[PDB]
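Printed here is query_38.txt (compact mmCIF, C-alpha atoms):
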```
# COMPACT_ATOMS: atom_id res chain seq x y z
CA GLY A 1 8.53 -20.44 -5.89
CA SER A 2 6.04 -20.08 -3.03
CA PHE A 3 3.81 -17.72 -1.00
CA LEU A 4 4.19 -16.85 2.67
CA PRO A 5 0.66 -17.01 4.23
CA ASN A 6 1.75 -15.45 7.55
CA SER A 7 3.02 -12.33 5.74
CA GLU A 8 -0.43 -11.58 4.19
CA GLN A 9 -1.95 -8.16 5.09
CA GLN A 10 -5.24 -6.51 4.03
CA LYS A 11 -4.98 -2.72 3.75
CA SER A 12 -7.49 0.04 3.03
CA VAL A 13 -7.81 3.79 2.65
CA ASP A 14 -10.55 6.29 1.86
CA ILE A 15 -10.25 8.25 -1.37
CA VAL A 16 -12.22 11.51 -1.63
CA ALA A 17 -13.51 13.11 -4.85
CA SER A 18 -14.38 16.70 -3.94
CA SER A 19 -16.42 19.34 -5.71
CA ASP B 22 7.49 -9.98 6.58
CA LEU B 23 6.49 -6.80 4.71
CA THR B 24 5.78 -3.23 5.64
CA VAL B 25 2.95 -1.81 3.51
CA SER B 26 1.64 1.76 3.01
CA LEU B 27 -1.42 2.80 0.99
CA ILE B 28 -1.37 6.55 0.39
CA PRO B 29 -4.19 8.62 -1.15
CA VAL B 30 -3.02 11.00 -3.89
CA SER B 31 -4.19 14.57 -3.24
CA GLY B 32 -6.61 16.86 -5.06
CA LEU B 33 -8.83 14.29 -6.79
CA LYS B 34 -11.91 16.09 -8.15
CA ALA B 35 -15.51 15.13 -8.96
CA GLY B 36 -16.67 15.19 -12.59
CA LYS B 37 -14.86 14.09 -15.75
CA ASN B 38 -11.35 12.84 -14.90
CA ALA B 39 -8.21 12.09 -16.93
CA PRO B 40 -7.84 8.49 -18.23
CA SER B 41 -5.69 6.45 -15.82
CA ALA B 42 -5.96 9.26 -13.20
CA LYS B 43 -3.91 8.42 -10.09
CA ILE B 44 -5.89 7.95 -6.88
CA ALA B 45 -3.46 6.11 -4.59
CA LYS B 46 0.11 4.87 -4.27
CA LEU B 47 0.94 1.49 -2.83
CA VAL B 48 4.33 1.20 -1.04
CA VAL B 49 5.77 -2.23 -0.17
CA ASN B 50 9.05 -2.73 1.71
CA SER B 51 10.76 -5.86 3.01
CA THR B 52 14.23 -6.83 4.25
CA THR B 53 13.54 -10.56 3.95
CA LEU B 54 11.24 -11.06 0.91
CA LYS B 55 12.16 -10.40 -2.73
CA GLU B 56 8.60 -10.09 -4.12
CA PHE B 57 4.98 -9.63 -3.24
CA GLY B 58 1.61 -10.34 -4.83
CA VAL B 59 -1.23 -7.82 -4.70
CA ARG B 60 -5.02 -8.19 -5.33
CA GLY B 61 -7.85 -5.71 -4.92
CA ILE B 62 -10.63 -6.62 -2.50
CA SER B 63 -14.27 -5.89 -3.37
CA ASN B 64 -17.71 -7.21 -4.16
CA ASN B 65 -16.98 -6.71 -7.87
CA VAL B 66 -13.61 -7.94 -9.18
CA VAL B 67 -13.51 -7.47 -12.94
CA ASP B 68 -10.45 -9.37 -14.09
CA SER B 69 -8.80 -12.77 -13.55
CA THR B 70 -5.91 -11.37 -11.48
CA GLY B 71 -7.83 -9.04 -9.17
CA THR B 72 -5.89 -6.04 -10.57
CA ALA B 73 -9.04 -4.25 -11.74
CA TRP B 74 -12.20 -3.97 -9.61
CA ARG B 75 -15.18 -1.71 -8.78
CA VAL B 76 -15.69 0.39 -5.65
CA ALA B 77 -18.92 2.00 -4.35
CA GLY B 78 -19.21 5.51 -2.89
CA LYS B 79 -20.21 5.64 0.79
CA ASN B 80 -22.82 8.42 0.49
CA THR B 81 -24.19 7.94 -3.04
CA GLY B 82 -23.54 4.24 -3.70
CA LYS B 83 -22.11 5.08 -7.13
CA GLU B 84 -19.37 2.91 -8.56
CA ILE B 85 -15.97 3.81 -9.96
CA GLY B 86 -13.55 1.44 -11.78
CA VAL B 87 -10.14 1.13 -10.08
CA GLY B 88 -7.00 -0.97 -10.62
CA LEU B 89 -3.26 -0.98 -11.21
CA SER B 90 -2.03 1.36 -13.92
CA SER B 91 -0.82 -0.10 -17.26
CA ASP B 92 2.83 0.80 -16.46
CA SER B 93 2.55 -0.91 -13.05
CA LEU B 94 1.09 -4.06 -14.62
CA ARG B 95 3.97 -4.10 -17.14
CA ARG B 96 6.53 -4.07 -14.29
CA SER B 97 5.10 -7.37 -13.06
CA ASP B 98 7.63 -10.21 -12.52
CA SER B 99 5.07 -12.96 -13.05
CA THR B 100 1.53 -14.18 -12.44
CA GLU B 101 1.63 -17.01 -9.86
CA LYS B 102 -1.09 -19.27 -8.42
CA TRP B 103 -1.92 -19.70 -4.74
CA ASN B 104 -4.47 -22.41 -4.15
CA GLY B 105 -5.44 -21.94 -7.82
CA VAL B 106 -5.93 -18.16 -7.43
CA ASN B 107 -4.00 -15.81 -9.75
CA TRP B 108 -1.67 -13.29 -8.08
CA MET B 109 0.46 -10.82 -10.05
CA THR B 110 3.86 -10.43 -8.36
CA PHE B 111 6.21 -7.42 -8.21
CA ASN B 112 9.64 -6.64 -6.67
CA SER B 113 9.55 -5.68 -3.01
CA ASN B 114 10.99 -2.29 -2.08
CA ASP B 115 9.04 -0.48 -4.74
CA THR B 116 5.83 1.52 -5.25
CA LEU B 117 2.80 0.89 -7.57
CA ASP B 118 0.08 3.20 -8.91
CA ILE B 119 -3.63 2.69 -8.31
CA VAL B 120 -5.68 4.46 -10.94
CA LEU B 121 -9.16 5.08 -12.30
CA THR B 122 -9.21 2.34 -14.95
CA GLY B 123 -10.15 2.40 -18.62
CA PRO B 124 -11.49 5.40 -20.61
CA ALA B 125 -12.14 8.69 -18.71
CA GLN B 126 -14.63 8.29 -15.84
CA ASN B 127 -17.18 10.74 -14.45
CA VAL B 128 -16.71 10.51 -10.68
CA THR B 129 -19.48 11.67 -8.34
CA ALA B 130 -18.31 13.61 -5.31
CA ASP B 131 -18.08 11.05 -2.50
CA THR B 132 -15.66 9.02 -0.43
CA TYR B 133 -14.63 5.68 -1.93
CA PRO B 134 -12.94 2.98 0.17
CA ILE B 135 -10.01 1.26 -1.49
CA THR B 136 -8.83 -2.07 -0.09
CA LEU B 137 -5.81 -4.13 -1.19
CA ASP B 138 -4.65 -7.61 -0.21
CA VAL B 139 -0.81 -7.94 -0.24
CA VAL B 140 1.25 -11.11 0.32
CA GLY B 141 4.92 -12.15 0.39
CA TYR B 142 6.33 -14.29 -2.37
CA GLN B 143 9.63 -16.19 -2.70
CA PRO B 144 10.51 -16.97 -6.36
```
Represent the structure contained in this file as structure tokens.
Amino acid sequence: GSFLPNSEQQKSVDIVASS
Amino acid sequence: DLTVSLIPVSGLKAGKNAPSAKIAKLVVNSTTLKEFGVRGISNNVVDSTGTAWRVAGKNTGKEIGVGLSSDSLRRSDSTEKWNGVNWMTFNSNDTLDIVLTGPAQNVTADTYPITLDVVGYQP
């Protein structure tokens, strides 16, 4: 098989631990 | 290509947490690609496949251990190599769980950024 370099996405979110 | 969502799970609390406590849900959809690989992105990657890593709080600088849950890892299709780098692959059109890894963690109240790299794979 093989990877598709053009399809690569970085993705981020903030998680919050609350008192 | 792929359409990716990363969704924080609600009502996470500071202090002693459940083992494998859910913190986020990764959603990956495609109409063209059958599978995807996913790696966590940080300064401190703690396994060979980038499926467990450490994240620092923004306000306190304290670290938590995060990664894919055990059940999510077990749903893996394969571990492939891209330029010699290990990527675990999963079926597109599916969701995975991001969890606090290992034995129960004591989480300090803070905001922790969680960053994932996702890529398309054709078997």
Using all atoms listed in the file, find each residue of chain B with at least one atom at most 7 Å away from an atom of chain A; report its shortest atom-to-atom pair and that distance in Å (one decimal), sort the rows by chain and rising residue number, and return the result as a tab-separated table.
```
residue	atom	partner	partner_atom	distance
B:22	CA	A:7	CA	5.1
B:23	CA	A:7	CA	6.6
B:27	CA	A:13	CA	6.7
B:29	CA	A:15	CA	6.1
B:33	CA	A:17	CA	5.2
B:34	CA	A:17	CA	4.7
B:35	CA	A:17	CA	5.0
B:130	CA	A:17	CA	4.8
B:131	CA	A:17	CA	5.5
B:132	CA	A:16	CA	4.4
B:133	CA	A:15	CA	5.1
B:134	CA	A:14	CA	4.4
B:135	CA	A:12	CA	5.3
B:136	CA	A:12	CA	4.0
B:137	CA	A:11	CA	5.2
B:138	CA	A:10	CA	4.4
B:139	CA	A:9	CA	5.5
B:140	CA	A:8	CA	4.2
B:141	CA	A:4	CA	5.3
B:142	CA	A:3	CA	4.5
B:143	CA	A:2	CA	5.3
B:144	CA	A:1	CA	4.0
```
What's the separation between CA of residue 78 in chain B and CA of residue 24 in chain B, in Å to one decimal place?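 Spanning CA of residue 78 in chain B to CA of residue 24 in chain B is a straight-line distance of 27.8 Å.
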Using all atoms listed in the file, find the one residue out of B:65, B:97, B:38, B:90 that sits nearest to residue 77 in chain B.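 So, comparing all the options, the nearest one is B:65.
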Select from range 23-76 of chain B every residue with an atom at most 7 Å from any atom of range 117-121 of chain B, then for each give the shortest pair of atoms and their distance in Å to one decimal, using all atoms listed in the file, rows by chain and rising number, as a tab-separated table.
```
residue	atom	partner	partner_atom	distance
B:40	CA	B:121	CA	7.0
B:41	CA	B:121	CA	5.1
B:42	CA	B:120	CA	5.3
B:43	CA	B:120	CA	4.4
B:44	CA	B:120	CA	5.4
B:45	CA	B:119	CA	5.1
B:46	CA	B:118	CA	4.9
B:47	CA	B:117	CA	5.1
B:48	CA	B:117	CA	6.7
```
Provide the CA of residue 123 in chain B to CA of residue 106 in chain B distance in Å, to one decimal place.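 Separating CA of residue 123 in chain B from CA of residue 106 in chain B is a distance of 23.8 Å.
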So how far away is CA of residue 108 in chain B from CA of residue 69 in chain B, in Å? 9.0 Å
Please determine, counting all atoms listed in the file, which residue among B:81, B:127, B:112, B:51 has the shortest atom-to-atom distance to residue 98 in chain B.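 Among B:81, B:127, B:112, B:51, it is B:112 that comes nearest to residue 98 in chain B.
With all atoms listed in the file as the basis for measurement, B:87 is the residue among B:94, B:49, B:87, B:28 that approaches residue 62 in chain B most closely.
Considering the residues B:116, B:122, B:99, B:80 and counting all atoms listed in the file, residue 58 in chain B has its shortest atom-to-atom contact with B:99.
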Choose the residue, out of B:53, B:100, B:86, B:110, that has the smallest atom-to-atom separation from residue 66 in chain B; count all atoms listed in the file.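 The closest residue to residue 66 in chain B is B:86.
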